[PDB]
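Below, in structure tokens: the form solved without ligand ATP, a single chain.
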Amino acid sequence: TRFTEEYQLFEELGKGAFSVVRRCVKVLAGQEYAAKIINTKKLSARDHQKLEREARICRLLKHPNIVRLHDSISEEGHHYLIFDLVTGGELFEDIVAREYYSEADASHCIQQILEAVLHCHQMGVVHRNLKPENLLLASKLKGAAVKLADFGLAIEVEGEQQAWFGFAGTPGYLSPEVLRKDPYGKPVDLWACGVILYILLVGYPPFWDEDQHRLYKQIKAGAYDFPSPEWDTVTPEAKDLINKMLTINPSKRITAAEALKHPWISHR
């Protein structure tokens, strides 16, 4: 088939799920890509379908701050999704490395994140699993680009129509509406931007507990705050944005487009 003809593998970049990621090159073009190789003799009928939901969505999304999918290929034994190569590692690791970001940096990172989210939403796509692990950095340089990945959890919404699309995502990043098993829509990803922006600033999330139940109780209640001495020095504006992102009521929450106009994003 068409993949083993046109591309040529090199080093493993990642493991996780049944999915091995490896650097590759189109032998005509000379152009490097990231290839997500999925073992398929290990995978059911509907989970060949769940994976083709994923391709179909990556294809709807052309953005500077979204990992572009360049071509999906079903060979007998394996599937290859062919992504933009992005070497900067996870934002997660970069936060850990640097402990926290400057407001200047956080502002420049979340800006790119929100722009992507905005685009995702206008295309009727809700990520549902935003977190610094699903955010890849272009290079490690102290400002470089940030792109979204793992639409493996991503849903299609018709308009601002809310609905129960089920209970999925990462515990820390879950919205109050999702935990309550209420209907939900685009805003569940601005909650995640809340968590992420908070992390981006001070090195730890606004909600945590080793006992999962206590965690889900913290989220529902919207029980975060700004501990001293770290938040003592952080602009009232920054806090404000986080407060409008971590609003419990989805309707009263800030939207991606709103968040991009907020003073801590556009100054001068």
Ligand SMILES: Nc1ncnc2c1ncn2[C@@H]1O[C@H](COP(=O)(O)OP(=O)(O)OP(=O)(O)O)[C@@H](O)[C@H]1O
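One-based numbering along the sequence shown. Take the two forms, find the largest set of C-alpha atoms that superpose within 1.5 Å, and that set is the rigid core.
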item	value
Residue stretch of maximal mean CA temperature factor, 160-168 vs 136-144	136-144
Per the entry, higher mean C-alpha B factor between 194-202 and 111-119	194-202
Among 65, 40, 243, 31 - the residue whose C-alpha B-factor is largest in the record	31
Residue 27 - which third its CA temperature factor falls in, relative to the rest of the chain	highest
Third of the chain's Cα B-factor distribution that residue 77 belongs to, per the entry	highest
Residue 94 by Cα B-factor - lowest, middle or highest third of the modelled chain	middle
CA B-factor placement of residue 179, once the chain's modelled residues are sorted into thirds	middle
Within-chain third of residue 221 by Cα B-factor, per the entry	highest
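Just so you know, the form solved in complex with ligand ATP exists too; it's not on screen, but the next bit is about it.
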property	result
Accessibility of shown form to ligand ATP in the bound PDB entry, site-C-alpha superposition, 2.4 Å backbone/C-beta rule	blocked
Listed residue that, although ligand ATP is not shown, lies within 4.5 Å of it in the bound PDB entry (heavy atoms), from 160, 103, 182, 84	84
Residue among 67, 201, 241, 219 with a heavy atom within 4.5 Å of ligand ATP in the bound PDB entry	67
Options 28-36, 223-231, 204-212, 41-49; stretch whose heavy atom lies within 4.5 Å of ligand ATP in the bound PDB entry	28-36
Close approach of residue 256 to ligand ATP in the bound PDB entry, 4.5 Å, heavy atom	no
Residue 150: touches ligand ATP in the bound PDB entry, heavy atom cutoff 4.5 angstroms	yes
4.5 Å heavy atom contact, residue 15 and ligand ATP in the bound PDB entry	yes
Per-residue C-alpha change between this form and the one not shown, residue 257, threshold 2 Å, rigid core fit	no
Is_shifted residue 17 between this form and the one not shown (CA, 2 Å cut-off, rigid core)	yes
